[PDB]
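Let's start with one chain on its own, the form deposited in one PDB entry, as C-alpha cells.
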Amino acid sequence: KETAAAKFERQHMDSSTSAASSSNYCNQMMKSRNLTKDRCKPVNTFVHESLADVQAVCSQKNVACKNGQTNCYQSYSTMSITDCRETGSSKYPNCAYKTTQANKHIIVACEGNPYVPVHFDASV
C-alpha cells in the first residue's frame, strides 16, 4: 500500500510556497491530497518547509507523543504552516475549511529506515 512515510508527505507536506496566501487554500489542498474523498477530514496541518528540513526534525528535540510512545521530535526552529479546520456548517461532499497561516514548532513521530516523520503530533 501507501507507506507511512508517503502518507505523511501526502497529508502534511506542501513545500511549494512559503505561505498559504489564498483563503480557499484549505478547500483546494484538502481536495488535492484526497482528504475529502469519503468524509471531510476535520483538522489537518500542512508544512511549508523543505522535505529535508522536516525530515531533519527526527534528530532534534526528543519528546513523548500524545499516544505515550517516545519517538516524537519537536523542531528546534519554528516552521511556516497552514492549519486547516472544517467550518461549523461544512457538510460532505461540499467540505469547507478555514485556512489559518502560522509560524510554529512542529512535533512529529519518526520511524523506519530512513528515519523520517510518519505522524504529525502537534504544532506548538
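All residue numbers refer to positions in the sequence shown, first residue = 1. Between two forms, the rigid core is defined as the largest C-alpha subset superposing within 1.5 Å. Only residues modelled in both forms are compared.
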query: Comparing 111-119 with 98-106, the one whose average Cα B-factor in the PDB entry is higher; finding: 98-106
query: 56-64 set against 29-37, stretch whose average Cα temperature factor tops the other in the entry; finding: 29-37
query: Within-chain third of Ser89 by Cα B-factor, per the entry; finding: highest
query: CA B-factor ranking of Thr45, expressed as a third of its chain; finding: lowest
query: Chain-relative CA temperature factor third for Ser80; finding: middle
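The following text describes the form deposited with a partner chain bound, which does not appear among the structures shown.
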item: Structural rearrangement between the shown form and the other one, runs of 3 or more with C-alpha shift of 2 angstroms or more, core superposed; value: 21-23
